[PDB]
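Chains as they are written, first to last, in the authors' numbering: chain A, 5 to 355; chain B, 5 to 355; chain C, 5 to 355; chain D, 5 to 355.
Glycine included, every Cβ here is placed at the ideal spot set by N, Cα and C.
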Ligand SMILES: [Zn+2]
Ligand SMILES: [Zn+2]
Ligand SMILES: [Zn+2]
Ligand SMILES: [Zn+2]
């Protein structure tokens, strides 16, 4: 019974292994996997075997940005059936705790989440999942778009928490994959202009393709100088800044750059301690907000994709079959591409 | 000193008259008028000499959707100067009352407002206005777009109060000018799909041009049937309904149509008493909200226009010089067009 | 095996019957019932065998405002154990649907809810319930206070949706049980003054005891006159009105009474069609909101009770043992009391 | 013409000087000052002649927490008249800028603000002020309560921005005057429990008198230990933390202490750079918000005082006549009291 699976055993130890075919409980579905995007999260576990307090204490299956086809459903599942194409939302609450009740299930301490240990991910042939967290895709939304909902959702959640809306000018720090999905989400939510900063001329070219209104190549500027160049291009201070690099200097830039009364959202992972002009922000009522994944983004993402109101397709720079997963991870690490997409279906390998 | 002015003396009594050149106080500007759109508000005062409790007790200058050029500024005015092209926000608070302080100046009982009596409007050659409520237009935004900010703002304010955002499906009742600006605002704010209903095949054709995702021609349907047809086209109940007709049956339709937990916003003017399945809405937590003009929409409208993120141009169906204002009002009443635009500048009559 | 249960068989057909001892599933608990309040909801099913579209098609156990003691827990239950005193939140979602995910589980169409048919209630000796919807009571919170969380929650949810906060003046229409819990919730949320209207001098005396800052006895006033008398007592128009009678004239009064920009919340059940100065509200941006039960109120209610920050005790006017349930229902119908409280525990019959 | 005035000429240079009687413009009033509280702001200008970028470049009158009696009004003033007792809101916008329009006038860069240079304050006999920012006091609200609205408003604004509401448990860092007003505001807004931390047994005794549910004396605890002790007393992590010391370790404590999804509001002034577990907060969606004074707090503060729903009286520990202002400032600096209150009226020196 063939179920090739990509597994991290520890720092730098990545292996392709055969796994049993999972058996779906009464409210789960079994999925034949199709398209699985990888991101810095996966690469980080690969390299270091941990992300902060999340530690790989036993071999873990990677992969958490995914779509596939229902092949089997549990006795209690009614909204999905074999043949259904679905996007997988990787975080599924185990308990109806208070976070779940108030509608912030992302914060639930007992949540299951693909490829954050000890929870196995979906970079494999066959995978089972809580049925309520698999979302039927319409026929004009590709498997890859379905997989891309996950990174898009990072941007949606951050932009919601920032309060991005009609006419706002927005600064996005970083033209990596995180920055690009926040650019996409901001424009989708009505931002008039997004400026994107980055050190790389290459990444910024790609941010342009994706829809950045302005690009700004940073070199040795101070945070105040960055904020200043940003304001100069926009004609004003941006109501919202989304910081996607985790780099302290970029966080400071965001604080100086953001319009008074505005919001800076931290999406990139920084060091355990950050040094910031906390006062500068606080005295200007610039709020500083973080994000932890996302909640309630799949249906609205699917709605925007299905209506062609957002375009995530240019994000995919590489495709590899599942058998070439180790190479794909090398490609993702070298960071020349954006989204490296893994194709798990021997039957079909198109988008 | 030539300052032709369109004046309503009472029910059906419209005249073009010469007025003195207004003198701007210390915080006012004098404007050479350029483009002035007319709407049902103006036509209503023309026909009936009142809109509810607002009564024309002495001759009134009409016109409240306008743009022009600063020719003179007061001693305290610093952000505008002669030569500046500006959009005029017709509601300017006279006092720093509590509504103003909390940021809801539209509700200020002593607000000045063009062409709502006893306040004279701007359908004339020369007009003076509170400087803080004239907004500089950038050079890639036409005078007509500047004039159109006013009707667009009706839609922006309504859609904000409805909470329209990323991915929502929205029902707009009415394909008249009010309905079309709400269609535009909803899409600009991130709605995935807007369906527009109306009795007229002609108006709906125009709603399509403007960007309606679906159109629905109504005839003798009951409110439940309308709600049903709407749901059928969208694939779900719309999170937001914007009611733009003021027609009781359309209001009821909105109540049946709107998703539970959603919002129905009333923009059209109905009868003094309305009969509604108030309970049906209330038990489904469908909120019912109204609007009174707008507040804080000019800068964000200008930002969206300047970035080409919204297109109001297709709204203009007719242009008349100021001298043909009576004809223009006839055209606006017969309701075959959408926006009838009046050109007040003898120097320039382009958009 | 003794499990006396109060059952409605149809219009005016109420019986006390022995039921099997329910068996808790893996995530349920079995409760030895202690205190069960009754309300117009129960009385309504008794009298008419329906509330609108909710119809008693087979015998139903009544009772939905309750507390008791855990005697048995399911294999998956960890936060509760035998001996735990708990308040029962009667609405427990069956499915993780979209309403649940976004934190509005009250709107879930498949929710289980005590004594709304076809779901049996908890007016009995032994009752089983979803464990996540039973809330441990601290030792300084009585069983009756625990039972009273349910009616209090009606007020909490309504006042939240109204946006009651520090310093607001609030109008509550109706001094029945619904009105009194909204008075309590408004004061708890920081309202400076609550005025309560009613036809009964008796009910208003009780509203005073409970904490009403002003009482207003209505007789033949018109809605405009009511609004006027209200404003006169408060010194201003109330930012919030909570309408608790369902009476059309009282709804109209609320519309005239509420401050511009304010909110009217409809808690009382009215007729299928209501006639209202919808326009008057809409043009003053008075929002009209309804409620459907409550969501996420139990923990904050328990917190306020435990800190003695709210006092629901004066609401209980009568106590009857379970065996005298038919009499208790007669008492509740005659409407001279407020909260009629039923004592189900043969071991203990104190508050 | 006697108008004694307290003036800072520079670091440690405080003088009492006679000033001209100010002349109120058309929308100003002249006030006979009555009660003026002092705070760290005043003391800071006294000691250092600056607070960050706000620098005393010429002699400045101090005092910004004040009340008095209207003696003269401008030609345009209608809501106030000689004899009116009023509370003075020290920040009065000069321009109708965008911050003002959207209801955040506190952020207006051109705002006038008592005793923040170059704007003279109200520690004097006679003072003139923008009429719209003087608020009539009812007869059951004392002059001192009127003066205390200003510090209370600091707490109101911070607690609003934190989202303090019914049932929340709140941590307040610091039992100085800033901490105590935030304790008062939180309880007024419906917090079930407030715990207050501080190094001083004396300050905490006073926080108890004022209404703190718990007090915690800190010594050499680490931020994690503080957060831990806080959680232990409350029985849970507080939904809101208000940090009132500006001390980096206390800010870190707030981050560890605050419930996930919660809010930490920074009210105390810290160093230009702060080192914080920014990541810890961000990954738990603990928002970090600052405050800059307040907006729209006077009317709701007056409403709460007039209804006896909040008690600021215990804050006043000392009273000095204006002639003993230098001593009063010494008393305020030695920090043994809380609110030092200055009495400016030779006619009356009661509360
Ligand atoms: Zn990822
Ligand atoms: Zn108009
Ligand atoms: Zn009930
Ligand atoms: Zn102060």
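Along chain C, which residues have their Cβ under 9 Å away from the Cβ of residue 160/D?
Residue numbering aside, residue 160/D sits at position 156 when the fourth chain is read from its first letter. In chain order: 170 and 171.
Give me the pocket residues for ligand 1, defined as CB within less than 6 Å of any heavy atom, sorted by chain position.
43/A, 45/A, 68/A, 69/A, 154/A and 155/A
Three-state secondary structure assigned by DSSP to residue 279/B
Reading the second chain from its first residue, position 275 is the one you call residue 279/B. Residue 279/B: strand per DSSP, three-state reduction.
Cβ neighbour criterion (16 or more within 10 Å) applied to residue 62/B:
Sequence index remark: in the second chain, residue 62/B carries index 58 (1-based). Result: exposed.
Please confirm if residue 197/D has its CB atom under 8 Å from at least one CB of chain E.
Included in the structure are the protein chains A, B, C and D, with no chain E among them.
Name the chain D residues whose beta carbon is nearer than 7 Å to that of residue 287/A?
Mapped onto the first chain, residue 287/A falls at position 283. Those within 7 Å of residue 287/A in chain D are 294 and 296.
What does a CB cutoff of less than 6 Å around residue 93/C pick up in its chain, not counting 5 residues either side in sequence?
As a first step, residue 93/C is located in the third chain; it is residue number 89 there, counting from the start. If we look at residue 93/C and ignore the five residues flanking it on each side, its Cβ neighbours are 137 and 302.
Residues bridged to residue 89/C [DSSP beta-bridge criterion]
In the third chain, residue 89/C corresponds to position 85, counting from 1. Paired residue(s): 73/C.
Pull up the distance between the alpha-carbon of residue 174/D and that of residue 268/D, whole angstroms please.
Sequence index remark: in the fourth chain, residue 174/D carries index 170 (1-based). Sequence index remark: in the fourth chain, residue 268/D carries index 264 (1-based). If I take the Cα positions, the gap works out to 10 Å.
Looking at C-alpha atoms only, which residue of 266/D, 326/D and 99/D is the closest neighbour of residue 167/D?
Taking the fourth chain and counting its residues from 1, the one referred to as residue 167/D is at position 163. The shortest C-alpha separation from residue 167/D is found at 266/D.
Consult DSSP for residue 256/A and reduce its assignment to one of helix, strand or coil.
Start at 1 with the first residue of the first chain, and residue 256/A comes out as number 252. Helix, per DSSP.
When you compare only the Cα positions, how much space is there between residue 216/D and residue 313/C?
Within the fourth chain, the letter at position 212 stands for residue 216/D. Within the third chain, the letter at position 309 stands for residue 313/C. Roughly 13 Å between the two C-alpha positions.
Anticipated Cβ contact below 8 Å, residue 181/C with residue 155/C, distance rounded:
Here residue 181/C corresponds to residue number 177 of the third chain, with the count starting at 1. Here residue 155/C corresponds to residue number 151 of the third chain, with the count starting at 1. Residue 181/C to residue 155/C, Cβ: 6 Å. Contact.
In chain A, which residues lie with their C-beta within 7 Å of the C-beta of residue 136/C?
Counting from one through the third chain, the residue named residue 136/C turns up at place 132. The contacting residues are 100.
Here's the rule I'm using: 16 or more other beta-carbon atoms within 10 Å means buried, otherwise exposed. How should residue 277/A be labelled?
As a first step, residue 277/A is located in the first chain; it is residue number 273 there, counting from the start. Its Cβ having fewer than 16 others within 10 Å, residue 277/A is exposed.
Counting only Cβ-Cβ distances shorter than 7 Å, please list the residues of the segment 104-131 of chain D near chain A, keeping chain order.
108 and 111
Could you check which residue in 152/C, 58/C and 328/C has the C-alpha nearest to that of residue 124/C?
For the purposes of this step, residue 124/C is taken as the residue at position 120 of the third chain. Closest by alpha carbon: 58/C.
Does residue 264/A have its Cβ less than 8 Å from a Cβ in chain B?
The count along the first chain starts at 1 and reaches residue 264/A at position 260. Not closer than 8 Å to any Cβ of chain B, the Cβ of residue 264/A fails to qualify, so no.
8 Å Cβ cutoff met for residue 324/A and residue 346/A:
Within the first chain, numbered from 1, the residue matching residue 324/A stands at position 320. Within the first chain, numbered from 1, the residue matching residue 346/A stands at position 342. Yes.
Please report the straight-line C-alpha distance between residue 315/A and residue 144/A, rounded to a whole angstrom.
Here residue 315/A corresponds to residue number 311 of the first chain, with the count starting at 1. Here residue 144/A corresponds to residue number 140 of the first chain, with the count starting at 1. So the two alpha carbons sit approximately 13 Å from each other.
8 Å contact criterion, which residue 200/A and residue 192/A should meet: CB distance rounded:
Here residue 200/A refers to the residue found at position 196 when the first chain is read from its first residue. Here residue 192/A refers to the residue found at position 188 when the first chain is read from its first residue. Not confirmed; about 15 Å, so no contact.
Can you have a look at residue 87/B and say buried or exposed, based on whether 16 or more other CB atoms are within 10 angstroms of its CB?
Counting from one through the second chain, the residue named residue 87/B turns up at place 83. Result: exposed.
Determine which residues share a DSSP beta bridge with residue 299/A and list them.
Residue 299/A sits at position 295 when you count from the first residue of the first chain. Per DSSP, none; premise fails for residue 299/A.
Can residue 23/A and residue 128/A be called in contact, C-beta distance under 8 Å?
Within the first chain, numbered from 1, the residue matching residue 23/A stands at position 19. Within the first chain, numbered from 1, the residue matching residue 128/A stands at position 124. The answer is yes: Cβ separation under 8 Å.
For the alpha helix (DSSP H) that contains residue 14/B, what are its first and last residues?
Taking the second chain and counting its residues from 1, one reaches residue 14/B at position 10. Not the alpha helix (DSSP H): residue 14/B falls in the beta strand (DSSP E), residues 8-14.
Would a check of beta-carbon distances place residue 211/C closer than 8 Å to chain D?
Locating residue 211/C in the third chain gives position 207, counting from the first residue. For residue 211/C, the answer is no, since every Cβ of chain D falls outside 8 Å of its Cβ.
Would you say residue 95/C and residue 300/C are within 8 Å of each other, going by their C-beta atoms?
Residue numbering aside, residue 95/C sits at position 91 when the third chain is read from its first letter. Residue numbering aside, residue 300/C sits at position 296 when the third chain is read from its first letter. It is not a contact, given that the beta carbons lie outside the stated cut-off.
Name the chain B residues that come within less than 9 Å of residue 157/A, Cβ to Cβ?
For the purposes of this step, residue 157/A is taken as the residue at position 153 of the first chain. The premise fails here: residue 157/A is roughly 11 Å from chain B at the closest Cβ pair, so nothing lies under 9 Å.
Just to confirm, is the Cβ distance from residue 219/A to residue 163/A under 8 Å?
Walking along the first chain from the start, residue 219/A turns up at place 215. Walking along the first chain from the start, residue 163/A turns up at place 159. In this structure, residue 163/A does not lie closer than 8 Å to residue 219/A by Cβ.
Could you work out which residues of chain B lie near residue 216/A, taking near to mean beta carbons separated by less than 7 Å?
Here residue 216/A refers to the residue found at position 212 of the first chain. The contacting residues do not exist; residue 216/A stays about 12 Å from chain B at best.
Between the CA atoms of residue 202/C and residue 251/C - distance to the nearest angstrom:
Walking along the third chain from the start, residue 251/C turns up at place 247. Walking along the third chain from the start, residue 202/C turns up at place 198. One C-alpha to the other measures close to 11 Å.
Can you say whether residue 388/D is buried or exposed, counting buried as having 16 or more other CB atoms within 10 angstroms of its CB?
No information on residue 388/D is available, as it lies outside the stretch 5 to 355 that chain D covers here.
Name the chain C residues that come within less than 9 Å of residue 281/B, Cβ to Cβ?
Position 277 of the second chain, counted from the first residue, corresponds to residue 281/B. 276, 277 and 278, listed in chain order.
Exposed unless 16 or more other CB atoms sit within 10 angstroms - verdict on residue 249/D:
Here residue 249/D corresponds to residue number 245 of the fourth chain, with the count starting at 1. With 16 or more other Cβ atoms within 10 Å, it is buried.
Cβ separation of residue 170/C and residue 25/D, assumed to be a contact under 8 Å, to the nearest whole Å
Taking the third chain and counting its residues from 1, one reaches residue 170/C at position 166. Taking the fourth chain and counting its residues from 1, one reaches residue 25/D at position 21. Contact flag wrong, Cβ pair sits at about 38 Å.
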